[PDB]
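Structural description and commentary
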Amino acid sequence: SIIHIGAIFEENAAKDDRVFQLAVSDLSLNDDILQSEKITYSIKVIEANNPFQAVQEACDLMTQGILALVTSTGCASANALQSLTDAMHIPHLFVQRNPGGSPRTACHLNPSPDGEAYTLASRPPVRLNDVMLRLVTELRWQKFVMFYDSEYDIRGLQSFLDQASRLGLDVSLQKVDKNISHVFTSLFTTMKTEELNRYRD
Amino acid sequence: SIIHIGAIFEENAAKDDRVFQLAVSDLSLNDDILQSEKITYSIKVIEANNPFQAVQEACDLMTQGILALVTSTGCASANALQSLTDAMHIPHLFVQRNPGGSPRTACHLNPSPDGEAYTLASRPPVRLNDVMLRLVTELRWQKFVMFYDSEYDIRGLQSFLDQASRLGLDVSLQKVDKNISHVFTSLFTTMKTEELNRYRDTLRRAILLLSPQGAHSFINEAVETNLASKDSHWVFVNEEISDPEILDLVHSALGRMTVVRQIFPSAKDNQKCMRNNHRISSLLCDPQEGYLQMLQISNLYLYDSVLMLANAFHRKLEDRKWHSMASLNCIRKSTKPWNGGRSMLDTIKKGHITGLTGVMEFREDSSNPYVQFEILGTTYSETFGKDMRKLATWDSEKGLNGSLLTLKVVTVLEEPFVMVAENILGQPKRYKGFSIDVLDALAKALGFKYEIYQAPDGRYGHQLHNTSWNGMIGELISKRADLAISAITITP
């Protein structure tokens with residue numbers, strides 16, 4: 001029929017297919033059943049945060065015929081594509097998208113037959129909350145401020161938020177924007193300078 | 001020439017199956033433009049949070065041919081159809097699913113030229129941040145914790161929380177599982193009774209986003225475990241609540257109450273059934289029992305969407321042009337959008353009606369900018385009960401239009417402060433002395449309560465060899481009493 005896999009590359013797709021196609025050529029060279037045998041791929045470089053562009057590739061792949069489903073795409077392009085590969089029986093190897101420059105919290109899975117849910121998550125659940133449970137207690141700090149950029153999903157501290165609600169920590173949560181030159185302006189022009197000094201302390 | 005519409009429902013499709021067939025039931029019956037020219041509809045049901053089944057019940061219905069949509073679905077399925085609506089430009093009215101007990105929180109949208117989307121924020125969006133500003137204004141809050149249920153997303157109302165974190169505030173946040181008696185089983189173990197004291201004192205200004213019957217029983221077990229009195233202020237937050245349902249909240253609720261929901265501009269719902277020579281079922285024209293006392297969003301979206309369909313058949317059919325779907329293969333990637341769908345966008349998206357929520361429109365920004373909440377407080381009366389009355393009203397164009405103790409003494413036997421007024425066996429009942437009067441003048445001139453311990457050592461307690469204090473001293477350093485009133489020669 002066809003010897004074919006698929007791919008959709010976001011962010012810097014030039015880095016993605018540079019890492020992809022070289023290892024594809026190396027492992028097509030090096031496979032004791034696929035000795036010099038060409039697995040074919042259809043990389044679709046898509047626009048940023050447009051998962052339907054990945055999905056119309058994957059339904060095109062269904063109209064092509066594929067072997068497995070390897071990707072690095074958004075979590076909105078994981079639910080439809082898993083239940084798409086449900087009836088046609090394709091492994092749904094899913095790699096979650098990047099949050100934008102923030103560290104990653106893993107995305108929620110959707111209602112499905114669990115155990116029969118085979119969206120193969122290559123990226124583990126975030127376990128820095130296990131560390132941050134301990135760091136506030138080994139260095140013993142009750143008052144501090146947590147900060148963030150606008151590129152993160154603020155749910156991702158949820159058990160760390162619950163233990164900090166019950167640990168008695170009184171910790172501010174404060175947004176930082178991208179223009180760092182305007183940061184000190186929006187601090188100093190807005191804060192009174194002794195209030196600034198209070199927040200300095 | 002077909003008049004076919006469609007339906008794709010997820011999660012609790014049963015009331016989803018109910019409302020849309022009622023939305024077409026009186027549509028060939030009471031809508032006057034297409035009166036007894038029958039409007040057909042193939043209601044299709046998908047599994048909860050599955051966009052692939054939604055596309056199977058969308059593009060097949062396209063091949064079957066469809067005209068208009070009266071639709072609500074969730075978060076994860078909407079953004080893929082949003083990028084579809086950037087890539088196929090489909091006319092669609094949207095309501096995000098509310099998980100219940102807490103309000104819905106908005107799902108993140110793709111970056112797009114706004115005006116074309118699957119999600120338009122037909123619901124009144126996240127706004128309660130300035131509603132949060134009014135009690136830290138009025139009652140001047142310093143510490144507070146949100147009680148939100150297990151299925152609440154805390155991203156929408158972050159806007160108050162960051163800037164108030166820039167005002168030196170203190171905060172906590174607690175997610176709440178459903179078995180609320182078992183929640184207190186999880187708490188009374190982890191809470192000591194002095195921790196129960198400090199947490200009730202943290203609980204004098206409550207913030208609640210909780211599952212309804214669970215929230216009623218949470219009121220009852222706050223009353224029974226005496227976590228409340230007429231000082232304890234309570235904030236309830238959910239849009240999904242009926243008008244007698246708040247009265248059903250306040251039966252055991254006997255403290256300071258505050259409940260917010262989406263209350264419309266003030267107008268009479270009677271005589272609104274006869275609108276545009278139609279017979280629109282409403283709260284007194286069809287007072288369906290077991291269907292009003294518990295709210296869901298599908299009945300607010302029932303009234304406006306079919307009146308928009310009456311405006312659609314009025315305008316679009318009389319504007320000399322006809323449009324019916326010439327389909328495209330959603331499996332194919334060279335199928336451009338259908339040519340006359342730009343007309344059907346104005347059939348759905350950017351029209352103009354004035355419903356019970358006031359004017360509902362959409363433009364090239366795809367949001368709802370204005371929200372009017374009404375912000376009420378308590379009124380004490382042990383006979384007519386708690387009847388929530390207007391402290392103020394709110395709008396998202398001005399902010400708020402208006403505004404809104406027992407302790408353990410511990411005893412050491414002493415010569416001047418202690419003189420036995422009455423004694424019994426083992427541990428006596430009540431002494432007298434000077435520090436009795438010191439204890440008195442507080443409780444008689446401040447209006448709160450007291451309890452009394454006795455020290456097991458009672459001998460001017462000392463810095464032990466245990467790096468510890470005995471007597472009356474370490475009891476407040478193990479922190480197992482509250483107050484100590486004696487001859488205290490203070491050391492640094």
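Residues numbered from 1 in each chain as written, not as in the entry; some residues may be left out. Chains lettered and ligands numbered in written order. Part of a larger assembly, values for the part shown. Heavy atoms only, no water.

Method of determination, as given in the entry header: cryo-EM; reported resolution: 8.1 Å.

Here's the deal with the overall build of chain A
When helices and strands are counted, chain A shows seven helices and seven strands. Counting from the amino terminus, chain A carries its helices and strands in the arrangement β-α-β-α-β-α-β-β-α-β-α-β-α-α. Over its C-alpha atoms chain A spans a radius of gyration of 23 Å, topping by over 25% the 17 Å that the globule rule assigns to 201 residues. If you line up chain A on its principal axes, its C-alpha atoms span 75 × 40 × 30 Å. (Helix = DSSP H or I, 4+ residues; strand = E, 2+ residues; numbered from the N terminus. Rg over C-alpha atoms; globule rule 2.2 N^0.38 Å.)

Considering the overall build of chain B
If you tally the helices and strands in chain B, you get twelve helices and 16 strands. Scaling as 2.2 N^0.38, a compact globule of 492 residues should have a C-alpha radius of gyration of about 23 Å, whereas chain B reaches 31 Å, well beyond that. For chain B, the C-alpha atoms occupy an extent of roughly 105 × 50 × 40 Å along the three principal directions. The buried share among the 492 residues of chain B stands at 49%. By element, 56% of the accessible surface of chain B is carried by carbon and sulfur atoms, the whole surface being about 25900 Å². Averaged over its 51 positive side-chain charges, chain B has a centre that lies 3 Å from the centre of its 57 negative ones. (Buried < 20%, exposed > 50% of the residue type's maximum accessible area, 1.4 Å probe, protein only. Areas by Shrake-Rupley, 256 points an atom, 1.4 Å probe, with all protein chains shown as cover. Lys, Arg positive; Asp, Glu negative; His and termini not counted. Charge placed at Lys NZ, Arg CZ, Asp CG, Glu CD.)

A word on the state of the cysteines
Evaluation of the coordinates by the stated rule reveals four disulfides over all chains. Here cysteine 75 of chain A engages in a disulfide with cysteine 107 of chain A; their sulfurs sit 2.0 Å apart. Between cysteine 75 of chain A and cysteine 107 of chain A the disulfide shows an S-S torsion of about 70°. By sign, it is right-handed. One end of the pair, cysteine 75 of chain A, is in the loop between β3 (69-70) and α3 (76-88); the other, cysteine 107 of chain A, is in the loop between β4 (92-94) and β5 (119-121), and 32 residues separate them in sequence. Judged by its relative accessible area of 24%, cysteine 107 of chain A falls in the partly exposed class. Between the sulfur atoms of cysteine 59 of chain B and its disulfide partner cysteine 330 of chain B the distance amounts to 2.0 Å. Residues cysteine 59 of chain B and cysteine 330 of chain B are joined by a disulfide whose S-S torsion is about -85°; by sign, that bridge is left-handed. (Disulfide = S-S within 2.5 Å.)

Concerning the pairing of strand β4 (residues 170-176) of chain B
All names here are of chain B. Extensive coverage of β4 is indicated by the burial of five of its seven residues. As paired strands, strand β3 (residues 143-149) and β4 are joined by seven bridges and run parallel to one another. Across the sheet, the residue bridging to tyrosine 148 is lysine 175, located in β4. Note that the unit made of β3, helix α5 (residues 158-165) and β4 has a crossover that is right-handed. (Pairing = 2+ DSSP bridges. Right-handed = clockwise from strand over helix to strand, strands pointing away.)

Here we look at the interface of chain A and chain B
On the chain B side, the residues contacting the 34 residues of chain A number 38 residues. Taken together, the two surfaces of chain A and chain B that pack against each other cover about 3200 Å², and 50% of this comes from carbon and sulfur. Considering only the surface of chain A that becomes buried against chain B, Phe52, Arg155 and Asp170 of chain A emerge as the three largest contributors, covering 19% of it. The interface formed by chain A and chain B holds 17 residue pairs in polar contact in total. Sorting the residues of the side of chain A that touches chain B by element identifies α2 (51-64), α3, α5 (158-166) and β7 (172-176) of chain A as the ones contributing at least two each. The leading source of residues in the side of chain A that touches chain B is α2 of chain A, at six residues. (Contact = heavy atoms within 4.5 Å. Buried area = accessible area lost by both parts, 1.4 Å probe. Polar contact = N/O pair within 3.5 Å; in protein donor to acceptor, adjacent residues only side chain to side chain.)

Observations regarding the pattern of salt bridges
Residues and elements named next belong to chain B. In the structure shown here, the tally under the stated rule is 17 salt bridges over all chains. In this structure, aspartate 231 and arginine 204 form a salt bridge, with 2.6 Å as the shortest nitrogen-oxygen distance. Taken together, the residues span a long stretch of sequence, with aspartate 231 in the loop between α8 (212-224) and β6 (233-237) and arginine 204 in the loop between α7 (193-202) and β5 (205-209) at a distance of 27 residues. For the salt bridge of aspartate 269 with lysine 272, the shortest nitrogen-to-oxygen distance reads 3.9 Å. Overall, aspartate 269 belongs to the partly exposed group, its relative accessible area being 39%. For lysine 272, a relative accessible area of 22% puts it in the partly exposed group. (Salt bridge = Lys/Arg side-chain N within 4 Å of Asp/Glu carboxyl O.)

A look at the UniProt feature "disulfide bond" in chain B
Residue and element names in this part refer to chain B. Formation of the UniProt-listed bridge between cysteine 59 and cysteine 330 is supported by an S-S distance of 2.0 Å, under 2.5 Å. Linking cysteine 59 in helix α2 (residues 51-64) with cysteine 330 in the loop between α10 (297-318) and α11 (341-348), this pair joins segments that are 271 residues apart in sequence. Residue classification places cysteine 330 among the buried residues on the basis of a relative accessible area of 10%. Of the disulfides catalogued by UniProt, the one between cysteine 273 and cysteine 285 is formed in the present coordinates, where the sulfur separation is 2.0 Å. (UniProt positions renumbered as here; feature names shortened; annotations may be inferred.)

Focus: the side chain of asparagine 50 of chain B
Looking at the secondary structure, you find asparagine 50 of chain B in the loop between β2 (40-45) and α2. Using a relative accessible area of 8% as the deciding quantity, one classes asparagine 50 of chain B as buried. Residues in contact with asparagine 50 of chain B, not counting those within four places in the same chain, are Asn79, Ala80 and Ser83 of chain A together with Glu10 and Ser77 of chain B.

Regarding the sheet that holds β3 of chain A
All names here are of chain A. Across the sheet, which stays open at both edges, the three strands sit in the order β3-β4-β5 with parallel pairing between neighbours. Unpaired on one side and paired on the other, β3 and β5 mark the two borders of the sheet. Strand direction decides the pairing type here: β4 and β5, joined by three bridges, are parallel. For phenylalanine 94, the partnering residue across the bridge sits in β5 and is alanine 121. Along the sheet, α3 contacts β3, β4 and β5; its crossing angle with β4, the most-contacted strand, is approximately 165°. (Axes fitted to C-alpha atoms, helices over the stretch in contact; angles between N-to-C directions.)

Notes on the packing of α2 of chain A against α3 of chain A
Residues and elements named next belong to chain A. Contact geometry of α2 with α3 gives a least axis separation of 9 Å together with a crossing angle of 15°. Relative to α3, α2 is oriented roughly parallel. The interaxial crossing formed by α2 with α3 has right-handed handedness. Along the contact surface, α2 presents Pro51, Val55, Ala58 and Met62, while α3 presents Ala76, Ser77, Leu81 and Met88. In terms of residue class, the contact of α2 with α3 is made up of seven nonpolar, one polar and no charged. (Parallel < 35°, antiparallel > 145°, perpendicular 65-115°, else oblique. Left-handed = near helix turned anticlockwise from the far one by under 90°. Nonpolar A, V, L, I, M, F, W, Y, C, P; charged D, E, K, R; others polar.)

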